[PDB]
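Protein chains in written order, with the entry's author numbering: chain Y, 339 to 389; chain Z, 390 to 490; chain C, 442 to 490; chain G, 1 to 34.
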Amino acid sequence: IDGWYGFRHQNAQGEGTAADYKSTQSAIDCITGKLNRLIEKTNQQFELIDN
Amino acid sequence: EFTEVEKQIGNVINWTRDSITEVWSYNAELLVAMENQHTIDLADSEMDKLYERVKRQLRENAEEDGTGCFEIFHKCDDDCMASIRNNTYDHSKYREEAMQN
Amino acid sequence: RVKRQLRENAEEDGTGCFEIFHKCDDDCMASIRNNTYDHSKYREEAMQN
Amino acid sequence: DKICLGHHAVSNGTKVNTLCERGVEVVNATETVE
Ligand SMILES: *[C@@H]1O[C@H](CO)[C@@H](O)[C@H](O)[C@H]1NC(C)=O
Ligand SMILES: *[C@@H]1O[C@H](CO)[C@@H](O)[C@H](O)[C@H]1NC(C)=O
């Protein structure tokens, strides 16, 4: 739940379900940049042609 | 441009030209973004190709560290650089002297 | 990146999990987690195994 | 006794768009809009 990409620490002492930061931060940055690029309204106002 | 056309057909022409302008502008933006991404991926792929080709040429004699530099165990001189550069190097000649490191 | 960090200390089994030969504690977990691990401290112990 | 790898780069580049970011710094950029 902390990050997308995590680690399974098997030290024969416990179970460390850690999470990375760099790669998942790059992935979230790229995906939110993709949505900032695409999810946008039009910049041209149209007109009603038919009736 | 000089003498104005009938208003209804002029509005139809402007609406069609504006829709075509929107389609071509979106197509140009998607085209530029797609081929810039493909050019960046192509550069990364060619760098990865060169890195793995040098790794296959160097074999076990040089161990990668995680930087792009190769720690060649043999005393690999300038002619050895030329051999690993222009696809001439053989690992079987130098494995005996580079195996103990 | 983890493969480049673990020079000879660990190898890929085939299922994608590294098998560290030497003793790699929770500080070594943290060192490979935040990329501060070094091969200069455990080349020889992992090489002898 | 080692050999390193790398690629050419420039001090000042041009910011271009891409599929997942805006204003990515690259080496060279041509103009597609006259
Ligand atoms: C169509 O658009 C042009 C501008 O591109 C404008 O000058 C012209 O008046 C428009 N036509 C009509 C019928 O309004
Ligand atoms: C970059 O592209 C331009 C074309 O716009 C070209 O004239 C130039 O030689 C290229 N290289 C550099 C280093 O500017």
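Beta carbons: idealized from backbone N, C-alpha and C, even for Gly.
- Contact between G/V27 and G/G13 holds, since their C-beta atoms are separated by about 6 angstroms, short of 8 angstroms.
- Burial of G/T18 is indicated by the presence of at least 16 other C-beta atoms within 10 angstroms of its C-beta.
- Interface criterion not met: the Cβ of C/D468 is under 8 angstroms from no Cβ in chain Y.
- Secondary structure remark: continuous alpha helix (DSSP H) runs of at least 4 residues inside the stretch 418-483 of chain Z, in chain order: 467-474.
- In this structure, ligand 1 has no non-hydrogen atom nearer than 7 angstroms to the beta-carbon of G/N12.
- Using a Cβ-Cβ cut-off of 8 angstroms, Y/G354 counts as an interface residue toward chain C, since at least one Cβ of chain C sits closer than that to its own.
- Residues lining ligand 1 by the Cβ criterion, that is a Cβ closer than 6 angstroms to any of its heavy atoms, are Z/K396, Z/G399, Z/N400 and Z/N403 in chain order.
- By the criterion of at least three beta-carbon pairs nearer than 8 angstroms, the stretch 374-388 of chain Y is in contact with the stretch 391-408 of chain Z.
- At a Cβ-Cβ threshold of 8 angstroms, G/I3 and Z/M470 count as neighbours.
- For the stretch 349-377 of chain Y, residues whose beta-carbon sits nearer than 9 angstroms to a beta-carbon of chain G comprise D367, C368, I369, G371, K372, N374 and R375.
- By the Cβ neighbour-count rule, Z/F391 is exposed, with fewer than 16 other Cβ atoms within 10 Å of its own.
- Here Z/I461 is buried, its C-beta having at least 16 other C-beta atoms within 10 Å.
- Segment contact: the stretch 480-487 of chain Z against the stretch 448-461 of chain Z, three or more CB-CB distances shorter than 8 angstroms; contact assigned.
- Shortest Cα-Cα distance from C/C465 to any of Y/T355, Y/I339 and Y/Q351 involves Y/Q351.
- With three or more CB-CB distances shorter than 8 angstroms, the stretch 341-349 of chain Y counts as touching the stretch 359-377 of chain Y.
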